[PDB]
Each structure stands twice: as structure tokens, then as C-alpha cells.
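Participant: Top to bottom, those sequences are chains A, B, C and D.
Quick note, the first sequence lines up with residues 962 to 1194 if you use this note's numbering.
Quick note, the second sequence lines up with residues 962 to 1194 if you use this note's numbering.
Quick note, the third sequence lines up with residues 962 to 1194 if you use this note's numbering.
Quick note, the fourth sequence lines up with residues 632 to 689 if you use this note's numbering.
This is the structure I have questions about; it appears just below.
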Amino acid sequence: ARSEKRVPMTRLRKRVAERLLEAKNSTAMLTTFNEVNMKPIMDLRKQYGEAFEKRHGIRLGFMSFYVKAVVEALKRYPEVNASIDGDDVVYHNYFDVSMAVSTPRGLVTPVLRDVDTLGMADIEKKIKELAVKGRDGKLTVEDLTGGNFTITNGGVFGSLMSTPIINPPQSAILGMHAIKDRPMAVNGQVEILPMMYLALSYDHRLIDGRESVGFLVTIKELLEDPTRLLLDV
Amino acid sequence: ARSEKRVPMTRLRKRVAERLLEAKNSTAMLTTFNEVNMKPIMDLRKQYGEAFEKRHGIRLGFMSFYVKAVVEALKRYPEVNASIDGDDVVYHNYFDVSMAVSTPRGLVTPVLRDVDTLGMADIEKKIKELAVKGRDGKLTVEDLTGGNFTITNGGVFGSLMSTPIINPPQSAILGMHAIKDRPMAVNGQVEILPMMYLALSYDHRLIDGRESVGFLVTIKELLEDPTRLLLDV
Amino acid sequence: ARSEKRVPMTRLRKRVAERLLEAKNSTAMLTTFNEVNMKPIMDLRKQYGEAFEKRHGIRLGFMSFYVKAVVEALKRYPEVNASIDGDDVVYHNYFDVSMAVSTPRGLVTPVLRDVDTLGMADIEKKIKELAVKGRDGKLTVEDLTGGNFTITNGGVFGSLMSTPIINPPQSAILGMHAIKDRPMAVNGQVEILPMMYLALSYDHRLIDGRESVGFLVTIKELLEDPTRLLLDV
Amino acid sequence: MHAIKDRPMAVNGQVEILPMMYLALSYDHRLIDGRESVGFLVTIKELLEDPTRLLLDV
């Protein structure tokens, strides 16, 4: 009855475990949090969903909006788009974003490369290719060769809020969560809105509290009014 | 005036401090969070409190509901009911749950053993015995010989939300908090409900984001409708 | 196009990075959270702002209220006003509070010394001197010689909630955040209030969950009714 | 482009006063056909009434 069952870890399983622990102890990870109102994007999908699919051949999703917001944030705060290499701080000056996809054996993070020049239709198509290969277990090491910044999305599982973990040599990670209806204060009235928490884990020995808050405030602002991506405000 | 006072730490005090720090640095601890509506259980206590006491000789409390929810969650996600021993992942296949009780000199965690076969009346009686011995400082090392999972409750102190710390060799811990009235969105209306935050700290090198969120979603669901423990839904 | 830019870290920049990482790995940092209703203080500023300025020559701000609340909390929970020195726990028996100010090159934390004997007007004047020297980059090492407890304020940047980092040899830190309107449950009604989250990061190998929650509950209570500082309740 | 002037308009079965502007497109018919001229002017109308469509490319 009261008997255990032991399974030796594979050399792959142990190496992943060791790398995670070394990353944990080699970085001074801290986490900041915020909330974003998602109704403005849900309205856009509801209004232009069919026209977008008819013109481009792929559905308009939420992911394409997150990538554009992150790219603009990485332009305004370069220190988030950087990493430490020994004694040197390396500024990349280009925009590769890792994104987590679910394989049959857990989440893996392929890279969207040169995302600053893609359109929204291109991003959605590129994400679909990575998603299908990930589900098929067909991603190569080249696709997983890391970028500068990571987006992970725990909303599919129904998470409210959590602390994401950085993926070295990257210095920061953005965690998306479930969208849930909550009462909110709007111009002195109480209104129920679809709200989502944002979590940013960052390496404090490179990024300061000013930059982390400003980076996450920028993402909040661009998601609540995508027109600001056009105005650059 | 500006003078310090120094107290050498006892060898017991230092050993506890050292063990905590080693645990902190030997595990990749992360925390996920969620919220649970507690009114359904408060109604059950209000309706069946006297009948339960008259039949069983002990009052119906909240703790007996948390233990049953945790046991069902540990069945659905075995990876939370496991620990790492060197190169091996050990699956226990039995259900021992540690629970924190307040001694005169801080919290201590005796073990509820084989909680899957006990009824709610038995759990409440077993918790009362541990509580009285803990207050009396009369627990033996056998009672503190650890289990597989820990429940800690900071609600008595009035905490809103916090990050609990794992107790090795265990891999996860559940933190309960204070129950506080908050406005909530229910079917498009705003309703004030007694709400509690849940916090789960887990060792990421063993448990993944899917399992941690699913584990905490399961507990939320079972506490908001205990009848689901009967249906197994 | 896809070309990096490398900047060697100055010996000052590396030393700060190393000290932060050593602090991270040498302490068992945990964080508790709470929320405070700020309207009672905003009313006091609105009512007595002009009279206070006319009598004392300086404006009544929020910072003077936070310092008084912290000092009273440090009296009720001495274990927060302490640090570990090798094998000894050192109780300071005096009240020096570090406070973060923004320089042109990031936040720095000068010390308010013997804050228990100052009045609110004195605290505001002392904070203004440190603020001007910090903006001028004119603080000496004597001003930065650390105290017993730190207050950091991320509200100016617009942060909702975050995890602050301890500054050794200190054992705890208090993080203030942005004040934001939220609907709240008050005597069965829904009322929009200006609310702020509080975050306390503490060294668990010295401070226990009881003390951390009690310390943060005390601050919440004193800020929601400053008259309790007079009654000592 | 012309002056912006308030006019009553039909919006989802209601009458609402809106700031409206007329657009005029003069085109060389021996190169451009009626399809292109109308489509060109319809596109401008759509992008001005919701600039977010410049981001979506719809």
C-alpha cells in the first residue's frame, strides 16, 4: 500500500533541471505586475475578423497584437533588449522574440525572427507554422536558437497571475494570463470589463525599477488602444 | 541611546536558518496565484453546523474541506505528489499532507497521514489533536516526520496574499489567506462575495506551468462546489 | 543590420551587480502583500494643506505619513528592526529609515536618521534636502551609510504591484505603489476608492510569517486612520 | 478635400448629427475606369473613419 515508485531521470531531463537551477542562482530575478483592459482588441476581432480572414487567409488572433506591442516597447527601452556577456552589456539592435508553444511533452519556445518588419498577417502565419511543428514534435534546434525576449501565455490553462522565469542569456520575460471579467472603475462608474494581468520578470542587475515599470506601462497602453502604434504616442 | 543589543543564535536557531537558505538555493521555486469564492462552504457550515456537531462531537470547520480538495488534486496531478531524490523522481502513491499549526514559538508542520481514507469528521478530530499538542509544545519528532505536501494558512493573521516557501524534500506548498469581501462579476452583475486568494509555490525543475495551474484550478473548482467531490467532475 | 553593440561594464557597475547577486543568494527573501485605502490621508492634505504650508514653510506630502507609520510598526515588531551578523541577531533599539530618491542615474537610498523624534514638518524638510542633493548628484557616502529599514516608492512610475529586493545588511523592505481607483466593498455597498497595494519583502530566516503579516497589517491600519498614532491603538 | 460641416446622418436606424466632409476625385478616364475610381475613393473613406485599419491592413 504505502509504497513508492522510482523513475530515473533521463540525461536530457537532468540537463534541463540543472540549467534551470543555474539560471535561477545566476540572476537577480524580480517581478513587476500590471493589468490591461482587453475589450478594445476583442471589438477589433469582432468587427474585422471575417474581412481579415478573407483578405489574408488566416484569422486575426490576440498573439499578433502582443508581438507588435512588445516590439514597440523594446524600442523605447533598449535596456530590456540586451543581455550580459561576462563583463560586457550587449545591445542587440534587432528584434527577435521567443514565444512559447505547447508540444505533447510540455511548452517549448521557438523564435520569431526579425519581427519588426513583419505585418500582422505575417506574424499570425509565422506563429501557425511554429505551432504545427511544435505539436508535431518537428522543431529543429535552429528554430529554438534563442532570441532576445520571451512571451509566455498561461491563459490557455486558466491562470490568474504567476511569476514567470527568465530564459538565459535573455534578461526579461513577459507572462500573459487568463482574461476574466472584473468590475472596474471608469470615470466614477462601476463597469464590468474583460481584464488580464501582466507579469514581467527581469534581471535586476541589468534592468532597474524605472525601466521595468515603464516597459510594462507601455505594453498596457498599446494594447488598450492599438491606434497609438500608428501615432507613436 | 544609539546602542545595539546582540543575542547569539542557538545551535537550533542557526540550523533552521541554514536549512531554509539551502532549500532556497537548491530549488527553482515559482509561484502561481488564483482566487476562490468561499460563500458555498460558509452556507454549508451555517446549515449543517449544529447537526454535524451533534452527530460527530466536533464542529465542522474549513480545514476539512481544504484537505479533501487537496487529496483529489493530488490524484489528478501525480507530479505534484512527488519529489526528487538524486537522479530519481519518486512517485509516492499515497497521501500524507503536512499542515501548519501555531506553537507558542512559531508555526510548525505536523503530518496528517493517510488522509485519503479518512472522513471529514475524522480529519477535524485529527487536526484538533495536533493543534492541542502543538500549543502544548508536546509534538514528537515522529509527528513532524514530513509528508508529501504542505498546507499553510495565513488567514488567522489577516494576510491578503503572499509567497509561501517549499519545505524539502517536498516539491510544492499551498498557501491559504484571509477571507475578505470583494465585489465580483457574476453573470453580468456586480455582487459582493467573500473571496480568498490561493498561492501555490512549486519546484519548477519538477513541475511545469501546465500542472501548477491545473492543480490550482482543480482546488478552486472543488471548493466552490463540494458536490463535485461526489460526482468526480 | 543584425549587428550587436557591446559596452564594457565599469568597475562600479560590476560591483553593484555582484553585490545584488550575492545579496539575492545569501538571504531567503519572501514577499507578503496587502492593500490600503488612501482617501483618509488625501482628505487631510486637502483640508490642512494651506495651513500646514503657511505655518511650517513646506507642503504636507504623503511621505511624512509613511515614515510615521513605519516607525510605529518597528516599535511593535522589533524583529523587523534587526539584522543578522554572523552568529548573532542584532537588535538596534533605534530608528533609522532608508528612503529611495531618484538621481539622474537611477534610484539611490539615503538615510533618515533618528526619525522617531522628528515631527511631520521636520521629516518633510529632511526629505526635501535629500531629494535636492540626490537630483544634484551631491550625496556623500555618509548620507548613504545604511540604516535599519528601507522604503521604496514605485508609484511615481505608475506601478501596480511588484516584488522589492532587500538591501543588506537590512532584513526587510517596504514597497509603495501607484494609487488607483478601484471598486471596494464597504458595509455591503460598492464604493470606488483610491487604493494602493503594499509589498513587504523580508528575510525569512529571521522574520516569520506572523511578524511579516502583523507588520504590514499595522501599517495598513495607521494609514487608514492616522488618529490611531495619537491613541496608540 | 472640403469643409467639415455638421449634418444629420442615419446610424443603425437612429438620426445622429455628425461632422461630415465630402470627397471629390477627378481622374483621367482614358486610363482609370469607374471600378478603380470608386474603389480608390471607398478605400480612403474607410481608412479615415477607422485609422486602426491602417495597422490591420483590412
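Ideal placement from N, C-alpha and C gives every residue a C-beta, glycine not left out.
Quick check: the segment 1167 to 1183 of chain B against the segment 1127 to 1139 of chain B, are at least 3 beta-carbon pairs closer than 8 Å?
Facilitator: Yes, the segment 1127 to 1139 of chain B is in contact with the segment 1167 to 1183 of chain B.
Participant: In chain D, which residues lie with their C-beta within 7 Å of the C-beta of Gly1018/A?
Facilitator: Ordered by position in chain D, no residue passes the 7 Å Cβ test against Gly1018/A, which lies about 13 Å from the chain.
Participant: List the residues of chain A whose Cβ lies closer than 8 Å to the Cβ of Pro682/D, in chain order.
Facilitator: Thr1188 and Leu1191
Participant: For the segment 1067 to 1074 of chain A against the segment 1097 to 1108 of chain A, do three or more pairs of beta-carbon atoms, one drawn from each stretch, fall closer than 8 Å, so that the two count as touching?
Facilitator: yes
Participant: Output needed in chain order: residues of the segment 1104 to 1130 of chain C with a Cβ under 7 Å from some Cβ in chain B.
Facilitator: Within the segment 1104 to 1130 of chain C, no residue has a Cβ lying closer than 7 Å to any Cβ of chain B.
Participant: Any C-beta of chain C within less than 8 Å: which residues of the segment 1085 to 1105 of chain A qualify?
Facilitator: none
Participant: Taking one C-beta from the segment 632 to 642 of chain D and one from the segment 1176 to 1186 of chain C each time, how about it: are there three or more such pairs within less than 8 Å?
Facilitator: no
Participant: Distance, Cα to Cα, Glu1033/C vs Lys1015/B?
Facilitator: Distance from the CA of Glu1033/C to the CA of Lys1015/B, rounded to the nearest whole angstrom, comes to 47 Å.
Participant: Check the Cβ of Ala1139/A against every Cβ in chain C and list those closer than 9 Å, keeping chain order.
Facilitator: Within chain C, no residue comes near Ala1139/A; the closest Cβ sits about 17 Å away, beyond 9 Å.
Participant: Starting from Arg967/B, follow its DSSP beta bridges and name the residues at the other end.
Facilitator: Here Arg967/B is bridged, per DSSP, to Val1051/C.
Participant: Can you list the residues of chain C that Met1024/B reaches, using a CB-CB cut of under 7 Å?
Facilitator: Neighbours of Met1024/B in chain C, taken as residues whose beta carbon is under 7 Å from its own, are absent, since the nearest beta carbon is some 17 Å off.
Participant: Residues of chain C with CB closer than 7 Å to the CB of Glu965/B, please, in chain order.
Facilitator: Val1051, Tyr1052, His1053 and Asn1054
Participant: Round the Cβ separation of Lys985/B and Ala989/C to the nearest angstrom and send it over; I've been treating them as touching at under 8 Å.
Facilitator: 5 Å
Participant: Under 8 Å, CB to CB, which of the residues in the segment 1002 to 1018 of chain A have a partner in chain D?
Facilitator: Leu1005, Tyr1009, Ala1012, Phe1013, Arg1016 and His1017
Participant: Below 9 Å on C-beta distance, what does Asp1169/A contact in chain C?
Facilitator: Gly1067 and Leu1068
Participant: With respect to the beta strand (DSSP E) encompassing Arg1143/B, which residues constitute its N-terminal and C-terminal limits?
Facilitator: Per DSSP, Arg1143/B belongs to the beta strand (DSSP E) from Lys1141 to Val1147.
Participant: On a Cα-Cα basis, can you pick out the residue from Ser1120/C, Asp1057/C and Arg1066/C that is closest to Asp1104/C?
Facilitator: Checking every option, the nearest Cα to that of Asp1104/C belongs to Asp1057/C.
Participant: Looking at chain A, which residues of the segment 989 to 1003 of chain B have a Cβ within less than 9 Å of any of its Cβ atoms?
Facilitator: Of all residues in the segment 989 to 1003 of chain B, only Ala989, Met990, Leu991, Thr992, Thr993, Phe994, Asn995 and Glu996 come within less than 9 Å of chain A when Cβ atoms are compared, listed by chain position.
Participant: Under the assumption that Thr992/C contacts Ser1123/B (Cβ atoms under 8 Å), give the Cβ distance between them as a whole number of angstroms.
Facilitator: Between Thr992/C and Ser1123/B the beta-carbon gap is near 7 Å, inside 8 Å, which marks them as a contact.
Participant: Name the chain D residues whose beta carbon is nearer than 9 Å to that of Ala1082/A?
Facilitator: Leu687 and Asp688
Participant: Whole-angstrom Cβ separation of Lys966/C and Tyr1052/A, contact assumed at under 8 Å?
Facilitator: 4 Å
Participant: With distances taken from CA atoms, which of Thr1106/A, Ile1180/A, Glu1011/A and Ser1120/A is nearest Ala1160/B?
Facilitator: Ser1120/A
Participant: Closest to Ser1059/C by C-alpha separation, out of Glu1011/C, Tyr1027/C and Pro1065/C, would be which residue?
Facilitator: Minimum Cα-Cα distance from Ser1059/C among the listed residues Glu1011/C, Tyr1027/C and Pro1065/C corresponds to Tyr1027/C.
Participant: Determine the extent of the beta strand (DSSP E) in which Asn1114/C is found, giving its start and end residues.
Facilitator: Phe1110 to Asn1114
Participant: Is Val1076/C helix, strand or coil when you go by DSSP?
Facilitator: coil
Participant: Quick check on this structure: which residue in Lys1036/B, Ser1162/B and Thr1064/B has the alpha carbon closest to the alpha carbon of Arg1096/B?
Facilitator: For the residues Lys1036/B, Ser1162/B and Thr1064/B, the minimum Cα distance to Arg1096/B belongs to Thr1064/B.
Participant: Measure the C-alpha to C-alpha separation of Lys1094/B and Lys1000/C and round it to an integer number of angstroms.
Facilitator: 45 Å
Participant: Kindly provide the ranges of any beta strand (DSSP E) runs that are 3 or more residues long and lie completely inside the segment 979 to 1048 of chain B, ordered along the chain.
Facilitator: 990 to 998 and 1043 to 1046
Participant: So that I know if they touch, is there some Cβ in chain B lying closer than 8 Å to that of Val968/A?
Facilitator: yes
Participant: Would you mind telling me which residues of chain B sit closer than 9 Å to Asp1048/C, beta carbon to beta carbon, in chain order?
Facilitator: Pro969, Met970 and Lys975
Participant: Taking C-beta to C-beta, are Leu1035/B and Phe1110/B nearer than 8 Å?
Facilitator: yes
Participant: In chain B, which residues lie with their C-beta within 7 Å of the C-beta of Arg1166/C?
Facilitator: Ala978, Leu981 and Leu982
Participant: In chain B, what lies closer than 8 Å to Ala962/A by C-beta?
Facilitator: Ordered by position in chain B, the residues that pass the 8 Å Cβ test against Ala962/A are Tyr1055.
Participant: What runs of the beta strand (DSSP E), each 3 residues or longer, lie entirely inside the segment 1120 to 1191 of chain C?
Facilitator: 1133 to 1137, 1141 to 1147 and 1150 to 1164
Participant: Give the DSSP-derived three-state secondary structure of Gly1067/A in the structure shown.
Facilitator: strand
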